[PDB]
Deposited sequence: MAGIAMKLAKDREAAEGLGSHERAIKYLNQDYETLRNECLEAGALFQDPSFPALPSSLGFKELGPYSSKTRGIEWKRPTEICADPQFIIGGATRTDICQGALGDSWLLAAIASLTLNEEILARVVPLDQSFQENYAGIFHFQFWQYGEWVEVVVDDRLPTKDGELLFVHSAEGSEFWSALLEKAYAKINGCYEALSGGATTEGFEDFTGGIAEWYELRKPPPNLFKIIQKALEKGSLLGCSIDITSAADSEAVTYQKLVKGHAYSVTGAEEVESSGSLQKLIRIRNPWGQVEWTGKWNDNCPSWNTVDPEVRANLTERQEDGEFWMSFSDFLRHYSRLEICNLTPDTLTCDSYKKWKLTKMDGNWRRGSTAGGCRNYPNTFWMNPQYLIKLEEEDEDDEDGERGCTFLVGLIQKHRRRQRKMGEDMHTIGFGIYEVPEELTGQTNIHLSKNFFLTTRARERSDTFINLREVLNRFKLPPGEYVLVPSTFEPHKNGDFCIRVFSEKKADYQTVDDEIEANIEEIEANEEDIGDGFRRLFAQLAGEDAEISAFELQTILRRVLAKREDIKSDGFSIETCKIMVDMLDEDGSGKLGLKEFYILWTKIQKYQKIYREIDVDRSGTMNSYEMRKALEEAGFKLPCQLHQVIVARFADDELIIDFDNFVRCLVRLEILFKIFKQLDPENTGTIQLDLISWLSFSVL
C-alpha cells in the first residue's frame, strides 16, 4: 500500500517492466519457478489464486447455489482425451467452438489469432506442451490498458458430462484455445465476467493494438483506402453480420474495387466487389498493430505514442466544455504533427488515430459494465487557463477512438469524463502515419516563497505584550501558540488545530528549541496575514470557506505551482468530503508544503533534484 508502491512501480516501468518482453507477473506468480517446483515435488500444479472451484466460474448467473454449476467437474486435458495437444501446427483452418456456457464473441477474437503465427506467439508462448516439462501449468501474455501482464493457470478445465463447457477444439484434441480462455477469465476474476465482452476489447487485450470498428450502414468516407492501408500495415480485419460467423478481410484491389474475404473455419477464400462487401456485411473491425508486433521485413507500421493520467474529484475531474468552470482542470496533453500523409486524391493533412481507454475500477464485476461515459476534445495552438477542432463523441465504452487527418501543427488534447467530479484512470494512445510528438502540458514544480525580513520595526506594543506572554524564556511553545492565536482569530474558521501550530513552530524555529522567539513569532504572524488575505480574496462569496478546486489558484498566489498528481495529493489529503478546505487545513498545507521544500533544499546541497537517504535518516525526515 501507499504511494511508495506506485512510485516503485513507475520506476520499474521506466525500465521496461510492462513491455511485452518483460511482462508484469500477475499476482506475482512466476511460470517457470512454479513449474519447476511441481516437478521436484513430482506433483501436478494447482492454482492457489484461481482454484478449480465455483468461484472461478461465476457469482450470479454462474454462481454456486445456481443450477447451472451443478454437475461441473474440473478435469485436465490428459483425462479428457488420450494425448491432448497444446497446438497442432500445419493448420489451414481452425475448429474452435463453445460449450453450453461461454460467450461467442470469443470465437471471433480467438479465431483471428490463427491467421498470423507472429501475432499468436505474442499472446501464446509456443514452448509449451503436454509432453516435455509438463506439470499441469500454462502461461499466457495479455495486454492490459497499456502494459503487458503474464498470467498463469493449471490446466484444470470445467466439464459437465465429459464435454467442455466453454471454448474448445471441435476434434477435441487441441487445448491452447481452451487454456487461453481460462487465463483470460482469471485476469478478469471469472468466466462469468467474460459474459458481457466485446471482440474489440478481446482484440486489444490479445494483441496490444488499437481497434477501429465501423457499422457498415454508416461507413466513413475513403473506407476502401483505410482498409487497403491497414492491410499494408499487417492490420487484422474482421467483419460480420450481427443482429453468426466471423470472417476476415484479407485483400483489397482496384482492377473495379475488390476485397477478399476469408473464413478462418474453411481453408478457403473468395473475392467480391467492394459494393457487395458494403451490402452483405454489417460490421468491419480493424485491429491496428503496434510497430513491434511484426518483424516480417517491411510491412510498413505505425508510429505509436502513449501516456497515462487520471481524473480526481475535487482537483482534476472537470471535463467536457459543458462545464467551463472545471473543464480546464482535467489533465491536458499536446500532439505535434509534422510530415503530412502522402498523395492520392483528397486534400492534405496528417492521419492519426486517438484512443482513450478507461482503466479497471474496483466495482467492475463483468466486462463492459459500470463504464464511465468518456471522450476527448482537441484544440489548435504551463497548464492552460479556463481560456481554452473535433471533440464530441461521448459514449460509455472502455475505449473511445477517433480517426483524424489534420494540417501539420500543434494540438492540445483534453481527455475527460462527460460529467465532472468522477474518479477514474486512463491511458491515451496515438497511432499515426508519420512520426508525431507527444508531450504533457502541465505546471512544472515551483516554489517562490516571500522571505520577510523581521528586523527592527516590530512595534512597541507588540514587543511588550509578547514579553508578558513568553514567560521566563522569552519564547513560547506550540501549545501556548495555539491558545494565543485562538483568541485572535476568534475575532471564518474558529481556531487552528494543534497539529497546525506544531508544524508552524517546526518551520519558524531554526533556534532549535521547540519554541518561537519574538522575531520568530513576528514572521509567523506576518505569514498568517498573507494566508488570511489569499483565502479571503478567493472566497468571493464570503462563505467562510474555500472549495477544493480553487486550491490550484490559491497555491499559485502563495508561490507554488505543482503538477496534477501533487494537486490530487493535496485535495485528497486536506479537503473534507463535500470538497471543502477550511482555513486550518488551508494553512496546514501551506506551512507543510513550505517546510517540505526547505528540507529538500537542505538535504540537497548541490541542488540536483534528488536526495540520498539511509533508513535512520529517512525515518527522521519523513516524520520530523
Query raised in the report: Where does the model have holes with respect to the deposited sequence?
Result: 1, 245 to 260, 273 to 278, 291 to 321, 402, 437 to 448, 456 to 459, 524, 564 to 567
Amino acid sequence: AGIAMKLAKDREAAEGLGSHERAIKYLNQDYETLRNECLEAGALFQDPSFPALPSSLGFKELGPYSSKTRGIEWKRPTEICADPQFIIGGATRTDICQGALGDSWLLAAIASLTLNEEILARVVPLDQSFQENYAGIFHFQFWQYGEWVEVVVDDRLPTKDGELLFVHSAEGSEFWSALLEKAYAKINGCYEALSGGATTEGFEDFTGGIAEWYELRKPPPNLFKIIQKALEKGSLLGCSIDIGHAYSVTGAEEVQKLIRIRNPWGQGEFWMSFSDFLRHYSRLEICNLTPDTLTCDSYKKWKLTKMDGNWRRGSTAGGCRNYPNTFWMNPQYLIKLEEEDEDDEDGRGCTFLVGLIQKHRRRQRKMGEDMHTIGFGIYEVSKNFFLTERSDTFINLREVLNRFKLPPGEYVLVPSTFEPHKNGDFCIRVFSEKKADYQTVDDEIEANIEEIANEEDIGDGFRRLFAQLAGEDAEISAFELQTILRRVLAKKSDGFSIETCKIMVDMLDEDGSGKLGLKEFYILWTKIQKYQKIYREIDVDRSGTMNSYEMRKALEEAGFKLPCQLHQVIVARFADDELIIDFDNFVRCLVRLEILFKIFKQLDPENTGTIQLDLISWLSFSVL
From here on, numbers count along this sequence of modelled residues.
Report task. Determine, for stretches 423 to 431 and 257 to 265, which one has the higher mean CA B-factor as deposited. Result -> 257 to 265
Query - Residue range whose averaged C-alpha B-factor is higher in the record, 541 to 549 or 228 to 236 - result: 541 to 549
Query raised in the report: Reading the B-factor column of the entry, which of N585, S67, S56, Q29 has the highest value at its C-alpha atom?
Result: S67
Report summary line: Among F277, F394, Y145, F385, highest Cα B-factor in the entry goes to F394
Query raised in the report: Taking the entry's C-alpha B-factors for this chain, is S622 in the lowest, middle or highest third?
Result: highest
Query raised in the report: Comparing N454 with the other modelled residues of its chain, is its CA B-factor in the lowest, middle or highest third?
Result: highest
Report summary line: So, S49's CA B-factor, relative to its chain, sits in which third? The middle
Report task. Quick one: classify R464 as lowest, middle or highest third of the chain based on its Cα B-factor. Result -> highest
Requested in this report: Consider only the C-alpha atoms of the modelled residues in this chain, order them by B-factor as the entry records it, and name the third containing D10: lowest, middle or highest.
Outcome: lowest
